[PDB]
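*Asks:* So the protein sequences, as listed, match chains X, Y, F, G, A, B, E, C and D. The opening position of the first sequence corresponds to residue 1 in the deposited numbering, with each subsequent residue numbered one higher. The opening position of the second sequence corresponds to residue 1 in the deposited numbering, with each subsequent residue numbered one higher. The opening position of the third sequence corresponds to residue 7 in the deposited numbering, with each subsequent residue numbered one higher. The opening position of the fourth sequence corresponds to residue 7 in the deposited numbering, with each subsequent residue numbered one higher. The opening position of the fifth sequence corresponds to residue 7 in the deposited numbering, with each subsequent residue numbered one higher. The opening position of the sixth sequence corresponds to residue 7 in the deposited numbering, with each subsequent residue numbered one higher. The opening position of the seventh sequence corresponds to residue 7 in the deposited numbering, with each subsequent residue numbered one higher. The opening position of the eighth sequence corresponds to residue 7 in the deposited numbering, with each subsequent residue numbered one higher. The opening position of the ninth sequence corresponds to residue 7 in the deposited numbering, with each subsequent residue numbered one higher. Here it is, the structure in full.
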Amino acid sequence: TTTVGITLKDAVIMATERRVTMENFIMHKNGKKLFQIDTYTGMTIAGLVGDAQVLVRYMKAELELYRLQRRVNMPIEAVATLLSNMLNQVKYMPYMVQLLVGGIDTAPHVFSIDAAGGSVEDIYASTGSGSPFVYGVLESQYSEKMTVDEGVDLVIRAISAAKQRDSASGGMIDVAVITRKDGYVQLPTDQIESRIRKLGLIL
Amino acid sequence: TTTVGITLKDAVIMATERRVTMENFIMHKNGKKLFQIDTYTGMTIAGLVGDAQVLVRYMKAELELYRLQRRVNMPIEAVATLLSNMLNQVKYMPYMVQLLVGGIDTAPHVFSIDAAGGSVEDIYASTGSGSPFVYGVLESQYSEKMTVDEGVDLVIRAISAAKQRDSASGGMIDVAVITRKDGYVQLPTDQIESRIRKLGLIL
Amino acid sequence: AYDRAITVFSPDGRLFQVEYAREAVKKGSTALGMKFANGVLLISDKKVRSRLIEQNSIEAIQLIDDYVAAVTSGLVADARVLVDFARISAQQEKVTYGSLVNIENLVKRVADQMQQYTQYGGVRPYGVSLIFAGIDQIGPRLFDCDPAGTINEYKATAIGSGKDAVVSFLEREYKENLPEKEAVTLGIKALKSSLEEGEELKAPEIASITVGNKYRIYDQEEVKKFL
Amino acid sequence: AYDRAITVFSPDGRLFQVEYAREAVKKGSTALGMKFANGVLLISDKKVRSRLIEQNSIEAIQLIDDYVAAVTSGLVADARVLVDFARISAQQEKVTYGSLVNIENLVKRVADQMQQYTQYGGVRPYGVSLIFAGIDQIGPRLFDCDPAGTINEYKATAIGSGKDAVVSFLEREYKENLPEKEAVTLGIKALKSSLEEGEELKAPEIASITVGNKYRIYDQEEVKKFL
Amino acid sequence: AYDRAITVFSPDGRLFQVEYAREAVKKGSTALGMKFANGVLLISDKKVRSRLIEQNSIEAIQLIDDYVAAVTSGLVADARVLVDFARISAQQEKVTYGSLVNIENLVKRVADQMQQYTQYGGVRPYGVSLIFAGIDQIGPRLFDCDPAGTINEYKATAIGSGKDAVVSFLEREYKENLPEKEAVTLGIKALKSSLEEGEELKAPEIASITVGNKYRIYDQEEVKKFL
Amino acid sequence: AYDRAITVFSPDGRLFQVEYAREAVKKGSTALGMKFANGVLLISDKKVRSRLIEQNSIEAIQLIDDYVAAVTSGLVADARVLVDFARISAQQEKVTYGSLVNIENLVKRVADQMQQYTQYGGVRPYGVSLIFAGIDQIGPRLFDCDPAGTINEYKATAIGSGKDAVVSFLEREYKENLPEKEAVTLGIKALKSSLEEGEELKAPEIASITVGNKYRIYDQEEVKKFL
Amino acid sequence: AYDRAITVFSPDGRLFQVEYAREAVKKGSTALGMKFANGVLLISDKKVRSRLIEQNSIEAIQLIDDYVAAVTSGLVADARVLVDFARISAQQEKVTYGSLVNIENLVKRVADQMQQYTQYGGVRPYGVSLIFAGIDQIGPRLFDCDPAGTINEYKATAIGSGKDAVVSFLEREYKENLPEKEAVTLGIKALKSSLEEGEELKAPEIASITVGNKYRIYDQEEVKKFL
Amino acid sequence: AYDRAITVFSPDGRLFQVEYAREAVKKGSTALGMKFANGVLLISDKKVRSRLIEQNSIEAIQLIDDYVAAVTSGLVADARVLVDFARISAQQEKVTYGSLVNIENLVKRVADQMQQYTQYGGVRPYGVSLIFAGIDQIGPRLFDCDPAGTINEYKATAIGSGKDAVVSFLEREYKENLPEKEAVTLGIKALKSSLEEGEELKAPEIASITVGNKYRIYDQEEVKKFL
Amino acid sequence: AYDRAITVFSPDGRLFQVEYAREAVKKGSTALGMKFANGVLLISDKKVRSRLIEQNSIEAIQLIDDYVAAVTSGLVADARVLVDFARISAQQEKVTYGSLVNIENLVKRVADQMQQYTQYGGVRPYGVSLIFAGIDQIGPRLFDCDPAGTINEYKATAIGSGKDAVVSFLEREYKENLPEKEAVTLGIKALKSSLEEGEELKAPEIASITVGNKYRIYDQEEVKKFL
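This is the structure:
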């Protein structure tokens, strides 16, 4: 699998592929690895499917309980800290998962958490089997003076490179830009196909 | 063993074979791997026999308790979520089982759950030893504009191919189409033999 | 001589301790709500206190989900602990079934909790009544859960000191499927006719939901219209 | 001076607390049912309350299985907790034996549970009586479980405030193996003659099962025929 | 002022609470039994109730094994829980020793259980007496276990409201080693002379065992002979 | 006003509850025993009851080992539980030390058990006294353990309703080291002079042990000699 | 006759034990505080005791964080235990969320803890009221938590023996957003008008926080200015 | 009205229950002891009972070590349990430190144990006083441990019914460092002057230790010298 | 009628049980202490008892560390248990932080322990007051911890029966930073003026510490100087 998360000026963009295997044997050509975890932050998936979905369910539950107790959204440092403490209360029966949570509260963030609960701030991050490819292209092309359209084009070029050069990733890309103004918006697949055909990465 | 589950327009079709081994040594030429789990959804079996039957008993019990508490049938996302949480509360003494639950609530679904509790939506799925054969023929012949008779013919051709090209599967096929109108109906074996003799896969 | 323990009936066969908890509910301020054409609302009277009070933490209406909400009356201590248990049971419900499918068994969990404490010695019951409200797979819902643990789902009620007068009004005036605004104003008149002479109805918190939407709380100036 | 604890007998040798729980059962509305030629039914009176009640959550009749069902009277709090324990014991029974083979020990589990609380100090009993009914490997069954834990298994009873008048009627009118409809109308007349003068029998919930079939609840207009 | 707690003696040195449990036994219907030439029987009076009663679940006689059986009187609640503990202790006994070798320590397990609750505060005792009967490695056995826990093995007794009159009859009429039929008819006469004037003895359940055989329950028409 | 709880002393400083347990011992039948030239015996009065009683389970004398044995008086329920704990403690003692080396700490275990229940609230003590007897590494032993837990080892005592009259006799007639028969007849005369006028001494159970031998119980006709 | 247990209501429906804990709060010295333009302060009266007191350990104001702080009145024992639970709760909150995001549920935890002890028998409540104050993600906060567990967040209050007179002053004199100094002097006048005649206001501890800053405690000579 | 619970003080401020345990000590027979030139002894009065008593198990003096020993008075039940706890604490002490280094904290373990039961409801204290005596790393030791748990370490005391008269004698006659024999005879005169008129001092058990030696108990004829 | 339970207030709002524990403190002998120029001392009155008493175990002053020490008054039983908990908490404190950094939270641990027992039913509080004293990272410290759990650190106090008279003296005579000797003699005069007429001040134990040094106890002849 692969993930990507890119922080720019006043937004943060995350995207995954949708191919679940679960065997060698690619079994599901349309899964779901990008989740809305709250109204201003989301969470991606790059690990064992069952453990990752249980962590998504628990974090949806805990953040909704949080916002319903305090009427304020959770800070991104707080959600990564909570996720780190949860993953590190059990590490000798651990969750084989590589999580990545990003979102905006007063400034956009994207955080990475490994299977032992190591939280660390960075402006662009990625996890999964097809991770070094998207790190390569993000290192080569990424600038922090981009717009939202330039950011999502960079994301689509990244995940397209990972699909062309990796076995585990593949299938249709789904992308969701989360910003302070419009809130959590997941792009429809028709606009994503339009961006792919505009960039000329289709075959 | 093998399973198959196919979602079409307004129905979902599941079928298994009936041969239980339990050794190498095929021991039971007529088992039972297709179970009615509720009045509008069913569950198939492709794992260790004891663990799989205990999971069938527990899910029959829990869904009946559910419907008896709330007077509404359980959503398919809810039954796969429940099954995933049950399988992932214990994974270091795990159930060596590959479950597949399908049914219709307001739209037909068929879900797949591995031994670690990874739930994922897909329109056609299969599990068991003779799984890649039926995935091959479903990938080659399957279209989402089929009728119920075309669907069950595709299912019989699939499981017949898996029987002809696999050792673990075999024996008489049983199929049950579950739809919103007629509810859970399991086809009698005489109609299944008529469809086999009509398709000409008998020897 | 029998109204001392939670575990003893009278020779009539009454639980005077449970009924005294129901009396302790009666000392709290009136709060009502009804469902209408595609959704439910709630209304809660608040006699406006010390202006030092930040309004955020005197809301008798509380959001247990984006799709379930409720209101209390009675012992504010037990009230708060109850709305906490409502939230936590909503979470456990939502995670073992993927979503809050039925509001009824959220209210069941809360009612079984309030039930048990009417039974065992060394425990007193909760002196609070709760009016849950929301949207589920079935549609608009509106329960009321009393100290003993009776649940009766309504499409309108009150609780609190006015409850008899408000349900008396609604029992002879309320007509179902009103468009939201007209419903609210009927409920405001219901709340009005429960006060005593001379008392002027201050600004009450009111909030609603419609089928396919989340909650919203009418802010004080949207409330101010219906005065 | 002895009716204060669950654990003390009188010099006559009575358990006044247990009997007061039986008195608390008597404050609940009448519910009856009988078995007939291949199957059993149940009838439960409901004085129709606040029309605001969505009828779903005031059903005194409750399905504990597709093949066992029951009805309560008394403390609605304890009643609900009891029907929950009936469902859970039916599930454990069904999984340790593949199927609900005998209704009798489902009723035994419920009765031993209600039994124990009549014994230990620091606990008061359940103030509810339950009438189970269904089809097993033997056939039509119909129990009644009271607060103390007595089960006696009838082919007809009532519980509730009318219970004496209804069982008085059935004790001199009922005849076994009636075809379902005729049976229902006899039970309706039984329920009728338990009210007080002037009271008009409203619409009561009635439901039945026959050998080899599941339950069904007569909806209000199938009920409306026998008025 | 002392008959309130299970744990306090009188200045005479009596346990009034235990004796009141023995009084609660006295409110139950008479049941007797004796052993004879190679085996034991039991007789239990039943005033025939509602014909709605399926006879299967009002049998005061209950089979704890194929080779041990008993009968109760008193609180039907405690009675049932007791016959359950008798069955479970018979099973544990039979598995740790391959077979129910001695009936006496089955009755010991039951008696120590009933004993303990006469001792600790916060618990009331069982208001039931039990008459065990069967065949072991030694032969015919017949105990009686009372609320306090006293066991005395007899070759004949009763329990219940008649017990004094029945044991008064047997104390001056019974002669051992009767062939089964003659024994039964003697016990029927014993049960007869315990009723009050005008009362006609209805059909009582009677069952027996002989050395090397299992139980059988005389059905109602084999019972009907000895009327 | 102080004889209600096990935990309160009087202003004299007495435990009236413990003493009432000692009074409850006094309602049981007399049982005595002494040691002699190489060994100890026991004698227990039995007013012969219902001939239905199989004699195997009314023996007040009970074998706790092949080399220790005892007899009770008081609450037969507590008595039985005590002789059970005596057997189990004898087993634990014998397995942790290879053999029952000293009878004294078997009696200690029993006495500490009976001790503790004279102390804690929510528990009543045992209303039984026990007279242990046997052969150890030291020789003939004969204890008496009362409800409070006092042990005093004697070479003769009684317990029960006669105890004062029997110990009064033995206190002025008994002489040590009698050959077994002469000892028994002295103890029989002791038991005789404790009855009331008109009462004829029936057949009492008597059993003995000598140094290097096991127990034996004199059967009824060896008993019948000394009448 | 009802003010003896925490678990019994009056026939009016009051909890007299809870209210007596509120009375035990009233015996402690007055302490007040308010929020202002960007931040909150606290004032606590101290009648200067034995000069032997090192001033460190009689501070009624206590720092629960660098950004939350509070003050107590009542039983100093319970007060101290409470401020300990406030600190530990702030730590657990800060570690599960990276920072003390909201002061409100620190106060909620303290309130639920103080709530629970007003409910269960065998426990008496805390006889202390607490006034929390600080800066969070929202801004200036100022709660008061009473014995029952009620929290109401103010922009000004007192607690203690003066509380009525101080809140009476603030209710007619206080105006929001004062620059810190002017606010303090208003609160000093508030504290002044709560004493009795002849009493001279000694030096009270006062401390504050502003948005983006930590606490500081005015030392005695910065306090000495406002005398 | 306050001498009923262990946990309530009087308005004077006394624990009447603890003092009643001290009264229960007063009903036991006198026992004294003192230290002298290199070592300590003990003396215990015994009114010689039933000659049937084997002397081995009525010794009020008991060896808790080869180097510590003690004597009791009061409830013989609690006394025995206490001397058991003294032995077990001596063993745990000796194994965690290689040897019984100080007698004082053996007496501390016993004292804290007896202390705790004077504090908690549902427990009554031990009605026994203990006088420990022995040789440690420091030398001759002699404590007394009362029901409340007070230890005061003497060079002479008594306990029991005489204790005031004996300590009155020793308070005006005893002189330290007597050679063992002279000390014993002084203590015998002390024990003598505590009896009532007409009573003849029987043979009391006496035992001693000297620095570097173990215990020995003077046998009855070495005792017989000092009569 | 309210001074019976630890958990009930009066309608004035007092804990009469806690105050009676404070009264039980008042029955113990006076003990004082103050800090001075670089360090603290303690003084404890002892009316000299039986010369049999080894002086090692009647010291009211006890060393909880080489750098913390304290003194008690009241129930000697609870007193001893308290000084034990002080030592153990000092050890746990010293191991989790490398050293006893602050004396204040040693006194906190002790006070929280004494606090909790004023709260829960079924427990009575400790009837002891403690005066801790020592040197920490800050310097000389001197607390007093009462039965309820109040800690106030002083630079001088007493406890016990004289406490009012001694603190009355110190409240009008004591001047800080006295060189050790002059301080001690002032404290001796303080102790003197608390006795009653005719009573001669015997030899009291006195001990001190200075900054950078350990404790020492003035032996009786260094004490004898200041008589």
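All residues carry an ideal CB built from backbone N, CA and C; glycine is no exception.
Between which two residues does the beta strand (DSSP E) holding Y/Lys29 run?
*Replies:* That residue, Y/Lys29, is in no beta strand (DSSP E); it is neither H nor E in DSSP.
*Asks:* Flag X/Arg70 as yes if its beta-carbon sits less than 8 Å from any beta-carbon of chain E, otherwise no.
*Replies:* Yes, contact with chain E.
*Asks:* Give a yes or no on whether the minimum CB-CB distance between A/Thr156 and chain B is below 8 Å.
*Replies:* It does; some Cβ of chain B falls within 8 Å.
*Asks:* Is the beta carbon of G/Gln68 closer than 8 Å to that of G/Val89?
*Replies:* The answer is yes: Cβ separation under 8 Å.
*Asks:* Select from the region 98 to 114 of chain F all residues with a C-beta closer than 9 Å to any C-beta belonging to chain Y, and list them in chain order.
*Replies:* Answer in chain order: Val101, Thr102, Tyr103, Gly104, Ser105, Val107, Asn108, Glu110, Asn111, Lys114.
*Asks:* Below 7 Å on C-beta distance, what does Y/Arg18 contact in chain G?
*Replies:* In chain order: nothing, as chain G lies at least about 20 Å away.
*Asks:* Which same chain residues end up closer than 6 Å to D/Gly34 when comparing Cβ atoms and leaving out the 5 residues on each side of it in sequence?
*Replies:* If we look at D/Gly34 and ignore the five residues flanking it on each side, its Cβ neighbours are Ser79, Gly80, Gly166.
*Asks:* Please go through the same chain and pick out, in chain order, the residues whose beta-carbon is closer than 6 Å to the beta-carbon of E/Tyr160, but skip the five residues on each side of it.
*Replies:* Cβ neighbours of E/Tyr160 beyond the five flanking positions: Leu148.
*Asks:* In angstroms, rounded to a whole number, what distance separates the CA positions of D/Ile109 and E/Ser174?
*Replies:* Distance between the alpha carbons of D/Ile109 and E/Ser174: 42 Å.
*Asks:* Please state if the CB of F/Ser50 and the CB of F/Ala66 are separated by a distance shorter than 8 Å.
*Replies:* Yes. Within cutoff.
*Asks:* Which residues bound the beta strand (DSSP E) around residue 3 of chain B?
*Replies:* With chain B covering 7 to 233 only, the question about residue 3 of chain B has no answer from this structure.
*Asks:* Please state whether DSSP places E/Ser105 in a helix, a strand or coil.
*Replies:* Three-state DSSP puts E/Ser105 in coil, outside helix and strand.
*Asks:* Report the option in Y/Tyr95, Y/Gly118, Y/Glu144, Y/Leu138 whose CA atom is closest to the CA atom of Y/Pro108.
*Replies:* Closest by alpha carbon: Y/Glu144.
*Asks:* Given 8 Å as the limit, is there contact between the region 84 to 100 of chain E and the region 114 to 122 of chain E, that is, 3 or more CB pairs closer than that?
*Replies:* Segments in contact, yes.
*Asks:* Is Y/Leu65 close to chain G, meaning its C-beta is less than 8 Å from at least one C-beta of that chain?
*Replies:* Closer than 8 Å: yes.
*Asks:* Roughly how many angstroms lie between the CA atoms of D/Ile59 and C/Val46, to the nearest whole one?
*Replies:* The straight-line gap from Cα to Cα measures roughly 14 Å.
*Asks:* Based on Cα-Cα distance, which residue from B/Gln119, B/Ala213, B/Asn158 lies nearest to B/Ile223?
*Replies:* Of B/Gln119, B/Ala213, B/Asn158, the residue nearest in Cα terms is B/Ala213.
*Asks:* Quick check on this structure: which residue in D/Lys230, D/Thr36, D/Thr156, D/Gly218 has the alpha carbon closest to the alpha carbon of D/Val74?
*Replies:* Ranking D/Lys230, D/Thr36, D/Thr156, D/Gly218 by Cα distance to D/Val74 puts D/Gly218 first.
*Asks:* Straight-line CA distance for F/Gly104 to X/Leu65?
*Replies:* F/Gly104 and X/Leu65: Cα-Cα distance of roughly 15 Å.
*Asks:* With a floor of 3 residues, list each beta strand (DSSP E) that falls wholly inside the region 57 to 96 of chain E, ordered by position along the chain.
*Replies:* Runs found: 67 to 69, 74 to 80.
*Asks:* Any idea what DSSP makes of B/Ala117, helix, strand or coil?
*Replies:* B/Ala117: helix per DSSP, three-state reduction.
*Asks:* Could you give the DSSP three-state label for B/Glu159: helix, strand or coil?
*Replies:* Note: B/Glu159 maps to strand in three-state DSSP.
*Asks:* Is the CB of Y/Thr41 under 8 Å away from at least one CB in chain F?
*Replies:* Not one chain F Cβ lies under 8 Å of Y/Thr41.
*Asks:* Three or more C-beta pairs under 8 Å: does that hold for the region 125 to 138 of chain E against the region 13 to 28 of chain E?
*Replies:* A contact exists between the region 125 to 138 of chain E and the region 13 to 28 of chain E.
*Asks:* Whose Cβ in chain H lies nearer than 9 Å to the Cβ of F/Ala27?
*Replies:* No chain H is present in this structure, whose protein chains are X, Y, F, G, A, B, E, C and D.
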